[PDB]
Amino acid sequence: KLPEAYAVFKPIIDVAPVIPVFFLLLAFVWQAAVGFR
Amino acid sequence: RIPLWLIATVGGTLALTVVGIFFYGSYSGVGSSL
Amino acid sequence: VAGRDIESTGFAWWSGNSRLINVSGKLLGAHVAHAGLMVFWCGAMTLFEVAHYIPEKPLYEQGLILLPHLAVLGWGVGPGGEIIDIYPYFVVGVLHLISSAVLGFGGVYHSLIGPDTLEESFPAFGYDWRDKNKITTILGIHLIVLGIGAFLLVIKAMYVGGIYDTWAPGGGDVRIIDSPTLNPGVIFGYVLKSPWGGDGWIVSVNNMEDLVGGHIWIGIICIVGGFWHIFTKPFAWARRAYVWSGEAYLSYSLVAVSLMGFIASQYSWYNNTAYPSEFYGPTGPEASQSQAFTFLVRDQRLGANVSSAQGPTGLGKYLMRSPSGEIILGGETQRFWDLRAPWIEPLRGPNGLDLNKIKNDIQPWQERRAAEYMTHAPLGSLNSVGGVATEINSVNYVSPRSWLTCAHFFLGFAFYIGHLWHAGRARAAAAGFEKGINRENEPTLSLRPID
Amino acid sequence: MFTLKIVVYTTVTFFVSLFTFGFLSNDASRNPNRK
Amino acid sequence: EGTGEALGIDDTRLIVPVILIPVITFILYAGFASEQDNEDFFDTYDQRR
Amino acid sequence: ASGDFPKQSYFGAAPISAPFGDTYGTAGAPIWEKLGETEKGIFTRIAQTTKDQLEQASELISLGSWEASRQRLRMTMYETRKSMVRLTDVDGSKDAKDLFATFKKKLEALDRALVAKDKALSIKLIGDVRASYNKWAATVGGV
Amino acid sequence: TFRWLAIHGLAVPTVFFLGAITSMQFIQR
Amino acid sequence: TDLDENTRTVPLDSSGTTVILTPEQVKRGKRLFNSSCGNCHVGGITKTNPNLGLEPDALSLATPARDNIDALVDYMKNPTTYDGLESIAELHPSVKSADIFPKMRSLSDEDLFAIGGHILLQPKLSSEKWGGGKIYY
Amino acid sequence: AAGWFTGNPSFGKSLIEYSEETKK
Amino acid sequence: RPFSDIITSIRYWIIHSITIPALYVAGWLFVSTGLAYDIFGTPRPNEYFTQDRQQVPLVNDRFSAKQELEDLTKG
Amino acid sequence: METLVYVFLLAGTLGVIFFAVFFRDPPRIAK
Amino acid sequence: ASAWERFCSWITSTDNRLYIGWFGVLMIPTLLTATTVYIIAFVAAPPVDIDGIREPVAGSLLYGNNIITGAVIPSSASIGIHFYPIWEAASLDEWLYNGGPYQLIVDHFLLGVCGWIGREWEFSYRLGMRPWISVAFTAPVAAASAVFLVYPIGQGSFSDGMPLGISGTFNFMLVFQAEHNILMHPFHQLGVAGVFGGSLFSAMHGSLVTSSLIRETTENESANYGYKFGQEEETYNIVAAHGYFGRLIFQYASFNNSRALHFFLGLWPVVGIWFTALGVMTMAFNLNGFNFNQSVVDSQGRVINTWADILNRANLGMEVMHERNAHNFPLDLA
Ligand code: CLA
Ligand code: CLA
Ligand code: CLA
Ligand code: CLA
Ligand code: CLA
Ligand SMILES: CC1=CCCC(C)(C)[C@H]1/C=C/C(C)=C/C=C/C(C)=C/C=C/C=C(C)/C=C/C=C(C)/C=C/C1=C(C)CCCC1(C)C
Ligand SMILES: CC1=CCCC(C)(C)[C@H]1/C=C/C(C)=C/C=C/C(C)=C/C=C/C=C(C)/C=C/C=C(C)/C=C\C1=C(C)CCCC1(C)C
Ligand SMILES: [Cl-]
C-alpha cells in the first residue's frame with residue numbers, strides 16, 4: 001500500500017498506468033481534428 | 001454544424017464506456033464466479 | 001501544413017511518422033517524448049504496484065511484475081526474499097514519474113516549437129542519414145552511455161547495498177558481490193554455450209558473480225566500442241555491406257531488439273537467479289519438480305521406499321536415472337531434470353540427488369517450498385484462472401513469469417516482422433523502386449525468358 | 001560419430017561462410033536500377 | 001550434450017574446419033574486395049562494383 | 001415469481017456477488033503475533049541445529065567433499081538467516097547485530113572458498129564461521 | 001420512409017437490447 | 001432457491017448445535033477460502049495430498065471429527081494428522097505458524113469462523129462437486 | 001528485343017484460335 | 001443525403017438527445033421490472049431449483065411438453 | 001504390400017510435381 | 001573479373017530456372033536434407049519412445065501404418081529439448097529409438113523456411129519489385145515455428161512438438177485443446193476469423209473478377225483465353241464488379257480502389273495467422289484460453305452449467321485419456 005501520507009491519492013494512481021494508451025488515442029483525435037491531412 | 005471529429009470522439013468514448021460497463025459486469029455480479 | 005500532409009510529402013496520416021525521417025529536430029522531439037512515455041509508465045505502474053501491494057501475499061501471487069526488479073536489485077527485501085519495506089519502490093516510482101515530466105516537456109518542445117532541422121542552427125547535433133561518420137559518433141556516444149548503465153549495475157552490486165543473491169549461504173539474501181568473475185573463459189564461455197537443454201546459452205547464469213563480472217565486461221566493451229566509433233569511420237567492407245539510410249538503421253535496431261525480446265522472455269521463463277523464484281514465482285520446471293518432490297516426501301512418509309518404487313511402465317515413480325545417468329526425480333519431471341534451484345540443490349550430490357539426503361534429511365522447509373511452488377505453477381488462463389485449462393473458477397492466478405515471457409515473445413516476433421518490413425523497404429527505397437515498377441523500364445521485360 | 005560430426009561441421013561452415021561473404025560482397029548493388 | 005563446450009567443440013579437431021573454411025572463403029572474397037573502389041561515398045548504397 | 005424484480009446494486013459492496021472491498025483485516029484483529037510459542041520454538045530448533053550443521057560442514061571440508069560441503073550450508077540452514085534475524089530482534093542488541101552480520105559475511109566468504117576448492121582457506125573459514133556463530137549464540141542467549 | 005424503416009428497424013431493437021444488457025450487468029445474483 | 005437459512009445453518013459444535021451463517025459471513029468465508037487456501041483446496045480437494053479432502057465424509061471420519069465449526073477452527077490453529085496424533089503446524093497453514101505461512105497472519109477468529117462456515121456450506125450446495133474432483137467439474 | 005515473343009508460338013491460344021492463325 | 005451531412009446537423013441531435021435515451025432506458029426497465037423472465041420463461045437466480053426439484057428439469061415427451069412444463073414450472 | 005502402393009502413389013505425385021516445374025509450358029507474350 | 005565475382009553473379013543470377021541467391025545457399029541444402037530424412041523416416045523407421053516411458057510408437061509405413069497414420073514421431077521425453085544430433089548418440093539405432101530424426105527434420109526445415117522468407121525478399125530486389133511478399137510468408141512460418149519449436153521450448157520437450165504426420169497432427173490438436181483450451185483462446189479465434197475470411201474474400205474476389213470478364217472470346221472457346229499474358233489492358237471491368245457489390249450490400253462497403261482491395265486481401269489472413277501463431281507461442285508458456293467453468297451460480301450458489309462447462313467435459317476426457325501411462329501425479333504441470 002502507499003505510505004500513509006499518500007493513500008488519499010490512490011484513486012489517481014489507479015488510473016495512472018493507463019495514460020500511454022490514451023496518448024495513442026489522442027494522436028488519432030488530432031488527425032481527426034485536421035480531417036486526416 | 002457540430003464538427004464530425006468531436007462527434008466521433010464522444011461517440012467512441014460512449015461506446016467504449018458501454019463495453020467497459022459490460023466488462024465490469026463480467027467481473028461483478030451474475031456471470032462472475034464470485 | 002507543409003511537411004504534414006500527403007500532397008507535400010507523399011505519406012498518408014497512417015504513415016505519418018514517416019514524414020519525420022529527414023526532419024531531425026522534430027524527430028528528436030518524437031524520440032524524447034516517447035522516452036518520457038516510457039519513464040512515465042515505469043513510475044505510474046510501480047506506484048500502482050506499491051498501492052495495490054498487500055503485505056500478506058508474496059509478490060508473485062499478487063500480479064506484481066516491476067517490484068520484483070527492484071527487490072532483485074536489493075531494495076526493501078530481507079533474508080528469504082521477504083519484502084520488509086516498500087518505500088524505496090515508492091521513491092523509484094516518484095523519481096521516474098517526475099523525470100517523465102521533464103522528458104515530456106523536452107519532447108513536446110522539440111516536436112512542436114523547436115527547430116524543424118538541427119543541421120543549420122545546431123550543426124553539432126544535426127546529421128544526415130548518409131553521413132556515416134556523424135552517425136557512428138552518435139552511436140558511439142550511446143554506447144558509452146550503455147556502458148555507464150552497466151557500470152551503474154556493477155556499482156549497485158559491488159558497493160551500494162548489493163543485489164539479492166538467491167543462492168546465498170543460508171537462505172537467499174541481499175549481499176555484496178565482492179569478487180565478480182572477470183575471467184574471459186567464463187563470461188564469453190556463456191556467450192558461446194549452446195541454447196539447447198542443459199546448456200541454456202546466457203540464460204543459464206547460476207550465480208551473481210558471473211552476472212556482475214560479465215556486466216563489468218559489457219561496460220568495458222561498450223565504452224571501448226563507443227570511443228572506437230567516435231574516433232573512427234566505417235571501413236570499406238562495411239561501407240559496401242549496408243544501406244546507409246534512417247530506415248535501414250531502424251530495421252537493424254528492430255532485429256536486435258527483437259532478439260533481445262526473445263532472450264528476455266526465456267530469461268523470465270527459465271532463469272531463477274536474475275529472476276528469483278521468491279519474487280517472480282516458480283518456473284514451470286520448478287513447479288513440476290516440486291510436485292514430484294512433494295509426492296516423493298508424502299509417499300516416503302507413508303512407508304514407501306521411493307528409490308525402489310516401480311512406476312506403471314517400469315521406470316521410477318519417484319526416482320530414476322537421467323539419460324546421462326544422474327539420479328533425478330521421476331515421472332513427467334524427467335524432462336525437467338536440468339532444474340537447479342536453491343531449495344533442491346541442498347539434496348544434490350555429484351551423481352544427482354543423494355539418496356541418503358533424500359531419505360533421511362529432507363527438511364520441512366523444502367516440503368513447504370515444494371508445496372507452494374506446486375500450487376503456484378505458471379499454468380493459468382487469460383482471465384487469470386490458475387491451474388490447468390480444465391480447472392474451475394476459484395483460484396485467481398497467472399504467474400508473472402508467464403506474463404513476462406508471453407509478452408516479450410510476442411513483442412520479439414512483432415519486432416522481427418517490423419525488421420523485415422523496414423529492411424525490405426530500406427533496400428527498395430535505396431535502390432529506388434519502393435513506389436512501384438517503372439512502366440518505361442521494367443526489368444523483367446529486359447530479362448531473357450526462362451524455359 | 002566424430003567423423004560424421006566433423007563432416008557436418010565442414011558442410012555447415014562451408015555454406016554459412018558462402019552466405020556470409022556473399023551478402024557481404026556489395027549485395028545492395030545487385031538490383032536492376034544500378035546505373 | 002549439456003556439457004557447455006564453446007560451439008559444441010569437444011574435440012580440438014573440430015576447430016580446423018571451423019576456422020580454415022571461413023579463411024579460404026575470406027581469401028576468395030579479398031580478391032573481389034581489393035578490386036573495388038574503396039573510397040567513401042555519400043549515398044544510401046554503393047552503385048560501384 | 002411473475003413480477004419479482006431482479007436484485008440490482010449500482011457499484012455497491014453490500015451484495016454477495018460484488019467484488020469490492022478487502023478480503024483480509026475486515027472482521028477483527030489478527031490472532032497471530034510475531035515470535036509466538038511455536039514459531040520461536042522452530043527458530044530456536046533451527047539455530048540449535050545450525051551448530052551441528054556447521055560441524056558436519058567442517059567434516060565434509062576435511063574429507064574434501066565440495067558439493068556436499070556447499071549443500072551442508074543450505075540444508076537445514078536455509079532458514080538460518082530468518083531465524084537469526086527473528087531472535088536477534090528479540091535480543092535487541094547492537095553486538096548481536098554485529099555478530100549476525102559477521103557470521104553472514106564469513107559464511108559468504110566460506111562459500112566463495114568452497115567454489116574455489118581451496119582446502120586450507122575452507123578449513124580456516126569454516127573454523128571462523130563456527131567461532132562467530134558460537135559468539136552470536138552466547139550473545140543473544142538461549143541457544 | 002423506407003430508409004427510416006430499415007435504419008430504425010436495425011436501431012430501435014439495438015438500443016433497447018443494449019439498455020437491457022447494461023441493466024443486466026447489475027443483476028448481482 | 002434463495003440462500004435460505006436452511007442452507008446457511010451449519011453444525012457448530014461436536015454435540016450437535018447449529019449456527020446460521022449471515023450472508024456477510026458466507027461472502028467473507030468464500031473470499032478468504034479462495035484467497036488463503038484455494039491454491040491447494042480448490043473444489044474441496046487437497047492438491048498436495050489428495051487422500052484427504054474437505055468433503056464431509058473425510059471431515060466426519062477425522063480424529064477429532066472436523067465436521068463442525070469449532071473443530072475446523074481448531075484445525076486452522078492446531079492442525080494435526082488425520083488420526084490426531086502428530087502436529088503438522090510446520091507443514092500446514094496455521095495462525096500459530098503464520099511467519100512461515102504469511103497468508104494466515106491477518107486472519108482473526110471471525111475469519112476462521114467464516115472459512116469454516118464456507119467449508120461446511122459447500123457440500124449443501126452440490127451433491128458431489130465439493131471434494132468430488134475432476135469427475136464432477 | 002529480350003525474346004519474349006519466340007519459343008512457344010501457341011502459348012495462350014486455344015486450338016481453334018491457333019489453328020485459324022496458322023492458316024492465316 | 002450523405003451520412004455525415006445528417007450526423008453533424010443540429011436537428012438530428014435535437015431529435016436524438018431525447019429519442020435514443022428513451023428506449024435505452026426502456027430496455028433498462030424491461031429487464032429491471034423482471035418482465036423478461038416472465039415473457040421468455042427464463043428462471044431467475046432463485047428459480048433453477050425448488051422443493052422436490054433439486055435436479056435439472058427436462059421435457060421428455062413431444063406432445064405433452066406444455067403440460068409437463070407447467071407441472072415443472074408451477075413454482 | 002500396401003507400402004508398395006503408398007510409395008508408388010507418393011512417388012508419382014512427386015514426379016508430376018517435377019514434370020510440372022521443369023517441363024511447364026513456357027510463358028510467352030502474345031502478339 | 002574475379003572468381004568470387006563470377007560466383008556471386010551466378011548465385012544471384014536471374015537466369016537460373018530456379019533462383020538460388022544467398023538465402024538459397026542456406027535453404028537448398030537444409031531443405032534437401034530435411035526432405036531426404038523425412039522421406040526415409042516416413043517410409044521406414046523403427047518405433048520411437050515418444051513419452052520417455054519405454055513404450056515405442058510406430059510412425060513408419062513399413063511398421064504397419066498408412067499415409068494417414070504415418071508420421072515421424074516427436075523425440076523422446078527423456079531427451080527434453082537437449083540437442084540430439086546423430087553424433088550425440090551411442091549408436092544410430094538408439095538415435096532412432098529416441099526420435100532424433102524429428103529434431104533433424106524440424107531444425108533443417110525451420111532454417112529452410114527462414115531461408116525461403118529471405119529468398120523471397122531477395123528475388124524481389126533483383127526483380128525490382130517491392131518487398132513484403134516475404135512478410136506475408138512469415139505468418140505461415142511463424143505458425144510452424146510456434147508448433148515445432150516454441151511449444152517444445154515452453155513445455156520443455158521436443159516430444160510436445162507436433163508430429164510430422166496426419167494422425168499425429170490430430171493428436172497434437174486434441175492434446176493442445178485438452179491442456180490449453182485453444183478454442184476459447186481469442187488468438188485462435190482471430191486465426192479462425194483469418195482463415196474463414198480469407199476463404200470468403202478469395203471466393204468473393206474470384207467471383208467478382210470472373211463475373212465481370214470483358215468479352216474477348218468466342219462461344220466454342222474457354223473464356224480464360226480472352227486474356228493474353230503480358231497485355232496492357234485490364235481483363236475485366238472493375239466498375240461493373242464494384243457496382244454489383246455495392247448494390248449487393250451498400251455502396252460504402254465496396255472497395256472502389258483495387259490497390260486497397262488487394263492490400264486488404266493480403267492483410268486479413270496474414271494478420272489472422274500471425275495472431276494464432278502468437279497464441280500458440282503464448283500457450284507454450286501456459287497462458288491458456290478463457291476458463292468460464294462454473295461462472296454461473298444460482299442464488300443458493302450451486303453451479304448452473306453453460307456451454308463452457310460442457311466443453312470442459314470434453315477437454316477433461318481428452319486430458320485424462322492422453323498419455324495414459326506417462327503421468328504419475330495428479331497435476332499436468334509439464
Ligand atoms: C509515441 C507517439 C508519437 C509521438 C511521440 C509522435 C510525435 C510526432 N508526430 Mg505523431 N503520430 C503518432 C504517434 C506519435 N507521434 C501516431 C500513433 C500517429 C497515427 C495517427 C501519428 C501521426 C502523425 C502524423 C500524421 C504526423 C505526425 C507528426 C508528428 C511530429 C510533429 C507533431 C506536430 O507538429 O503536431 C502538431 C500537433 C498538435 C498541435 C496537437 C497538440 C498535441 C499536444 C502537444 C499533445 C499533448 C501532450 C502532453 C499532454 C503535454 C505535456 C506537457 C508537459 C510540459 C508536461 C511529432 C514529432 C507530424 C510530422 O511528421 O510532422 C513533420 C505529422 O504530420 N504524427
Ligand atoms: C535526446 C535528448 C536531447 C537532445 C539530443 C537535445 C538537443 C538539443 N536541445 Mg534539448 N532538451 C532535451 C533533450 C535533448 N535535447 C530535454 C529532455 C529537454 C527538456 C528539459 C530539452 C529542452 C530543450 C530546450 C528548451 C532547448 C533545447 C535545445 C537543444 C539544442 C541545444 C543543446 C544545448 O545547447 O545544450 C547545452 C547543454 C546544457 C545547458 C546542459 C548542461 C548540463 C547540466 C548542468 C546537467 C548535468 C547532468 C549530469 C551530467 C547528469 C549526471 C548523470 C548521473 C545521474 C548518472 C539541441 C539540438 C535548444 C534549441 O533547440 O533551441 C532552439 C533549446 O532552446 N532543448
Ligand atoms: C550497438 C552496438 C554496435 C553497433 C550498432 C555497431 C556497429 C558497427 N560496428 Mg561495432 N562495435 C561495438 C558496438 C557496435 N558496433 C562494440 C561495443 C565494439 C567493441 C569495441 C565494436 C567494435 C567494432 C570494430 C572493431 C569494428 C566495428 C565496426 C562496426 C560496423 C560493422 C558491424 C558489423 O558488420 O558487424 C559484424 C559482426 C560480425 C561479423 C559478428 C560479430 C562477432 C561476435 C563475437 C559474435 C558472437 C556470437 C553471438 C553471441 C551469437 C548470438 C547472438 C544473438 C543476439 C543473435 C558498424 C558501424 C567496424 C568498423 O567499420 O568500425 C569502424 C569494425 O571494424 N565495431
Ligand atoms: C508496452 C510496452 C512495454 C512495457 C510496458 C515493457 C515492460 C517491461 N519490459 Mg520491455 N520491451 C518492450 C515493450 C515493453 N516492455 C518491447 C517492444 C521490447 C522489444 C521486444 C521489450 C524488450 C524487453 C526486454 C529485452 C526486457 C524487457 C523487460 C521489461 C520489464 C523491465 C523494464 C526495464 O527495467 O527495462 C530496462 C530498463 C532500461 C534499459 C532503462 C535504463 C536502466 C538503468 C541503466 C538502470 C540503472 C540501475 C541501477 C542499479 C540504479 C541505481 C544506481 C546507483 C544508486 C548505484 C518490464 C516489465 C525485461 C524483463 O523482465 O524481461 C523479461 C527485459 O529483460 N523488455
Ligand atoms: C522501433 C520501432 C519502430 C519505429 C521507430 C517505426 C517507425 C515507423 N514505422 Mg513501423 N513498425 C514497427 C516498429 C517501428 N516502426 C514494428 C514492430 C512493425 C511490425 C508490426 C512495424 C510495421 C510497420 C509498417 C507496416 C509500416 C511502418 C511504418 C513506419 C513509419 C510510419 C509509422 C507511423 O506513422 O505509424 C502511425 C501509427 C499508427 C497508424 C497507429 C497504428 C496502430 C496499430 C493499428 C496497432 C497494432 C495492431 C496489431 C496488434 C499489430 C500486430 C502486429 C503483428 C506483427 C503481431 C515509421 C518510420 C510505415 C511506413 O510508411 O514505413 C516507412 C509502414 O508502412 N511500420
Ligand atoms: C509527488 C507525488 C506524490 C505522491 C504520488 C504522486 C503520483 C501524486 C506524485 C506526483 C507526481 C506528479 C504530479 C508527476 C508529474 C508528472 C507529469 C506532469 C508528467 C508528464 C509527462 C509528459 C509526457 C509523457 C509527455 C509526452 C507527450 C507526447 C509523447 C505527445 C505526443 C504527441 C505529440 C508530441 C505530437 C502529435 C500528437 C501526439 C501523438 C499526442
Ligand atoms: C552481461 C551478462 C549477463 C549474464 C552473464 C553473462 C556472462 C551472459 C554476461 C555477459 C554477456 C555478454 C558478454 C554478451 C555479449 C554478447 C555478444 C557479443 C553478442 C553478439 C552479437 C552479434 C551479432 C548478432 C552479430 C550480427 C551481425 C550481422 C548479421 C552483421 C551484418 C552482415 C554480415 C556480417 C554478413 C552478411 C550481411 C550483413 C547482414 C550486412
Ligand atoms: Cl507425472
Side-chain angles (χ1 to χ4, degrees), chain A residues 17 19-20 22-34 36-37, chain C residues 1-6 9 11-39 41-42 45 65-66 68-70 73-75 92 99-116 118 121-122 124-126 138 145-146 148-150 152-161 163 254 257-269 271 274-275 280 400-401 403-405 407-416:
Chain A
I19 313 309
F22 298 144
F23 268 102
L24 167 71
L25 275 69
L26 185 65
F28 282 97
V29 156
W30 160 57
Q31 284 299 282
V34 287
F36 296 115
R37 272 190 207 120
Chain C
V1 55
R4 298 191 301 171
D5 60 347
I6 191 147
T9 69
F11 285 107
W13 62 273
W14 50 265
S15 290
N17 294 327
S18 201
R19 314 209 265 237
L20 282 153
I21 293 162
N22 311 130
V23 190
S24 45
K26 213 157 280 299
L27 177 58
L28 195 165
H31 288 103
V32 172
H34 167 248
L37 257 295
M38 282 196 268
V39 294
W41 172 84
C42 164
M45 193 74 224
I65 50 149
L66 287 190
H69 292 71
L70 304 178
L73 282 171
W75 279 301
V92 170
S99 306
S100 67
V102 186
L103 288 176
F105 167 74
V108 169
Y109 169 89
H110 280 295
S111 302
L112 270 48
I113 57 146
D116 270 31
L118 316 168
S121 179
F122 301 84
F125 293 89
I138 294 156
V145 171
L146 286 177
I148 289 162
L152 280 173
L153 176 67
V154 168
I155 288 155
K156 180 71 191 70
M158 273 191 116
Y159 309 115
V160 190
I163 53 172
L254 282 169
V257 168
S258 158
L259 288 167
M260 301 201 233
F262 290 128
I263 298 156
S265 76
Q266 295 312 115
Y267 255 103
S268 72
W269 193 241
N271 197 338
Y275 294 76
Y280 301 84
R401 292 192 182 275
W403 289 121
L404 287 157
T405 309
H408 293 106
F409 215 99
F410 175 96
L411 297 162
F413 171 74
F415 274 61
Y416 162 60

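Note that these values count all heavy atoms, side chains included, but never hydrogens, waters or copies made by symmetry. Chain A is the first sequence line, chain B the second, and so forth, proteins listed ahead of strands; every chain is numbered from 1. For ligands, and for the atoms within them, numbers begin at 1 and follow the listed sequence.
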Numbering as shown, the atoms of ligand 4 that approach [X] to under 4.0 Å (heavy-atom distance):
| X | result |
| --- | --- |
| C:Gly261 | 20 (C) |
| C:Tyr275 | 59 (C), 60 (O), 61 (O), 62 (C), 64 (O) |
| C:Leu404 | 57 (C) |
| C:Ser268 | 62 (C) |
| C:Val257 | 19 (C), 20 (C) |
| C:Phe415 | 17 (C) |
| C:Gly412 | 20 (C) |
| C:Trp41 | 5 (C), 7 (C) |

Which is closest to [atom] in terms of heavy atoms, [options]?
| atom | options | result |
| --- | --- | --- |
| atom 59 (C) of ligand 1 | C:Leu103, C:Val102, C:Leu20 | C:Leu20 |
| atom 38 (C) of ligand 1 | A:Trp30, C:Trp14, C:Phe11, C:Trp13 | A:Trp30 |
| atom 24 (C) of ligand 4 | C:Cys42, C:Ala264, C:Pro68 | C:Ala264 |
| atom 64 (O) of ligand 2 | C:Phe122, C:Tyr109, C:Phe125 | C:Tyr109 |
| atom 22 (C) of ligand 4 | C:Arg401, C:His408, C:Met38 | C:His408 |
| atom 57 (C) of ligand 2 | C:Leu118, C:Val108, C:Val32 | C:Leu118 |

Heavy atom of the protein closest to [atom] (residue, atom name, distance):
| atom | answer |
| --- | --- |
| atom 50 (C) of ligand 4 | C:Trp75 CH2, 4.1 Å |
| atom 21 (C) of ligand 1 | C:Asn17 OD1, 4.0 Å |
| atom 29 (C) of ligand 2 | C:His110 CE1, 3.7 Å |
| atom 13 (C) of ligand 4 | C:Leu411 CD1, 3.7 Å |
| atom 30 (C) of ligand 4 | C:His69 NE2, 3.8 Å |
| atom 16 (C) of ligand 2 | C:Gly106 CA, 3.8 Å |

Heavy-atom protein neighbour under 4.0 angstrom from [atom]:
| atom | result |
| --- | --- |
| atom 46 (C) of ligand 4 | no |
| atom 27 (C) of ligand 1 | yes |
| atom 33 (C) of ligand 4 | no |
| atom 36 (C) of ligand 1 | yes |
| atom 62 (C) of ligand 2 | yes |
| atom 9 (N) of ligand 2 | yes |
| atom 52 (C) of ligand 1 | no |
| atom 1 (C) of ligand 2 | yes |
| atom 40 (C) of ligand 2 | no |
| atom 55 (C) of ligand 1 | no |
| atom 43 (C) of ligand 1 | no |
| atom 4 (C) of ligand 1 | no |

Minimum side-chain heavy-atom gap [X]-[Y] below 4.5 Å:
| X | Y | value |
| --- | --- | --- |
| C:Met260 | C:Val257 | yes |
| C:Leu20 | C:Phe11 | no |
| C:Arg4 | C:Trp13 | no |
| C:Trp75 | C:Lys156 | yes |

Exercise. Is there a side-chain contact (heavy atoms from CB on, under 4.5 Å) between C:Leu153 and C:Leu73 once you walk through the steps?
Worked result: CA-CA 8 Å; C:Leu153 176 67; C:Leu73 282 171; 3.4 Å; yes
Exercise. Can you tell me how far OG of C:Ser258 sits from CZ of C:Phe409, rounded to the nearest 0.5 angstrom?
Worked result: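 With rounding to 0.5 Å, CZ (C:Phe409) is 9.0 Å from OG (C:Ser258).
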Exercise. What's the shortest heavy-atom distance between C:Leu103 and C:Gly36, and which atoms?
Worked result: CB-CA, 3.6 Å
Exercise. Can you say whether the rings of C:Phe125 and C:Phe122 are parallel (under 30°), tilted (30 to 60°) or perpendicular (over 60°)?
Worked result: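 If you compare the ring of C:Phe125 with that of C:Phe122, the planes turn out perpendicular.
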For this session: Describe, in one word, how the ring planes of C:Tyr267 and C:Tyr275 are oriented to each other, choosing from parallel (under 30°), tilted (30 to 60°) and perpendicular (over 60°).
Result: tilted
Problem set entry | Within-shell test, C:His31 vs ligand 2, heavy atom, strictly < 4.0 Å | no
For this session: Just jot down the ligand 2 atoms closer than 4.0 angstrom to any heavy atom of C:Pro115, in number order.
Result: 60 (O), 62 (C)
Exercise. Counting from 1, what ligand 2 atoms have a heavy atom of C:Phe105 closer than 4.0 Å?
Worked result: 19 (C)
For [X], take its heavy atoms, then give the atoms of ligand 1 lying under 4.0 Å from any of them.
| X | result |
| --- | --- |
| A:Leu24 | 17 (C) |
| C:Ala30 | 5 (C), 57 (C) |
| C:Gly3 | 61 (O), 62 (C) |

For this session: Please state which part of C:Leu28 comes within less than 4.0 Å of ligand 2, counting heavy atoms only: side chain, backbone, both or neither.
Result: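 The part of C:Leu28 near ligand 2 is the side chain, not the backbone.
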For this session: Give a yes or no on whether the backbone of C:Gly126 and the side-chain of C:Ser24 come within a donor-acceptor separation of less than 3.5 Å.
Result: no
For this session: Decide side-chain contact (heavy atoms from CB on, under 4.5 Å) for C:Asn271 and C:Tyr280; before the verdict, give the C-alpha distance in whole Å, the side-chain angles of both, and the deciding distance to 0.1 Å.
Result: CA-CA 10 Å; C:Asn271 197 338; C:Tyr280 301 84; over 6 Å; no
Exercise. C:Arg19 to ligand 1: N or O pair under 3.5 Å?
Worked result: yes
